[PDB]
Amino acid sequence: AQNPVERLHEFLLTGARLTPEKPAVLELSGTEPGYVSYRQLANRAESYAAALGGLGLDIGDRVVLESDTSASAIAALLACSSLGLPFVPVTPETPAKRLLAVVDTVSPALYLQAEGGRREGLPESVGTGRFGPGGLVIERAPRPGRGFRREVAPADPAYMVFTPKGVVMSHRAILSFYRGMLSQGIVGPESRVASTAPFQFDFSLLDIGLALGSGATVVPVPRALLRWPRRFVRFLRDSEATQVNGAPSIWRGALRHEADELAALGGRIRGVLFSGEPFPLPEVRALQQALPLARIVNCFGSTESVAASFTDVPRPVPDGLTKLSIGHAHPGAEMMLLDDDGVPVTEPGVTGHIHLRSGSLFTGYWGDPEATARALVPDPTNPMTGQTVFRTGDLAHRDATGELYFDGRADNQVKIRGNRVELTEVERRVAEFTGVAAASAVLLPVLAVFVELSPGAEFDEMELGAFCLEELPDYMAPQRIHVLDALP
């Protein structure tokens, strides 16, 4: 209590000093359900730290963490955080190719996966280990670090999330976001927060901070369940979840095929949170009706600050509302609307480019200062301070009451399975296939690319599909290729 909380693990474990016996994270012990309590979570966390802290690792050395969200994964990140080892979450569904690209660029001292983890193939240069309820065990010792660093500063890295582009987030950035979000009273200490995102998104951490920072319980939702809407609803039933967080699309199956079962949870679920994509209004209304007690909140923003705004979906949604609002920044934040020349937009209803100023901003992109300098630009409203501000690439306009409406992107960034895809990079790659002169990508959800053959060339459908995968991930592969004579 005498100790001020300026680091990630010190924040998420406050419940271990105030409410030690409260259940912190739901956890399956074989087939017998249990709960890890704030105190127990803290013990696993330090049990892990002891195993880690004797390995010669310096503060700043990176560690890869391969797991679905679970109490042991939280323990691992807590431990990493306790040692100033920034951590890189990765989800077990991750393609070999993609993982070793992350390992390669971030050059971590150590890789760790779940007890059950069936991963192999890591460089001998990289330490290897495992974790679960029974403890943390190292297999291949990591090379020791410099033995030079001595204290963890709020500006130091806490974690990095990878799109390969890593967003590097300090201890402060993540605590300002946590402090912004909790100011909204989305949840209480009796809440059971069902977390759906993959551990490799940002969103998982948002879920964990929401629950733990509110004294609540994290309910890890096994992702398997998303393609079995009934099994997914029974899971929410039996876990007795009261808050459910996820991309809008987690609800699609249940609203479409299982609305009766879902509405059987209507008395227990008091909140639902979404970010990433807009929620289509038909479905939002459906969900409001199936869950009549639920406060539905639209979380808008970006990994580069986790997020920015939390905005209540009105109940019911007025009939001629085509878009939900994204509100205004949480306390201590501001999304400024600027024009093309960075001049402020003061007129309501005029679209502008959101520039975010907060205590939450990413430190930079890993090993990519040029991108970092394009994203965190000097503050156009007051550039002489030295202060930097985040050029989001998102457009919006404000109404006369001061609320924001998302107008889409200024570039061609798109979302596919929640992963940021720049459509111009699909186009460029397709265009470097021989016999293609130009391409145009577009989303309809499905990704199509339209292509204009160079003069003379014959064109092989599948040869392109495969050629794209050579350097584009699976979510960036076209599902539909259409040849044309020319391009409008």
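All residue numbers are counted from 1 along the displayed sequence.
According to the record, the deposited sequence contains 4 to 9 residues between residue 444 and residue 445 that were left without coordinates. Coordinates are lacking for 4 to 9 deposited residues between residue 163 and residue 164. Per the PDB record, of the two stretches 72-80 and 106-114, 106-114 carries the greater mean B-factor over its C-alpha atoms.
Between 286-294 and 148-156, the higher mean Cα B-factor belongs to 286-294.
The entry lists C-alpha B-factors for 66, 61, 432, 27, and the highest of these is at 432. The top Cα temperature factor in the record, among 212, 247, 100, 299, falls on 100. Residue 478: CA B factor in the highest third of modelled residues in this chain (values from the PDB entry). Residue 191 sits in the middle third of its chain by CA B factor, as recorded in the PDB entry. Per the deposited record, the Cα B-factor of residue 42 falls in the middle third when ranked against the other modelled residues of its chain. Among all modelled residues in its chain, residue 126 ranks in the highest third by Cα B-factor. The PDB entry assigns residue 340 a C-alpha temperature factor belonging to the middle third of its chain's modelled residues.
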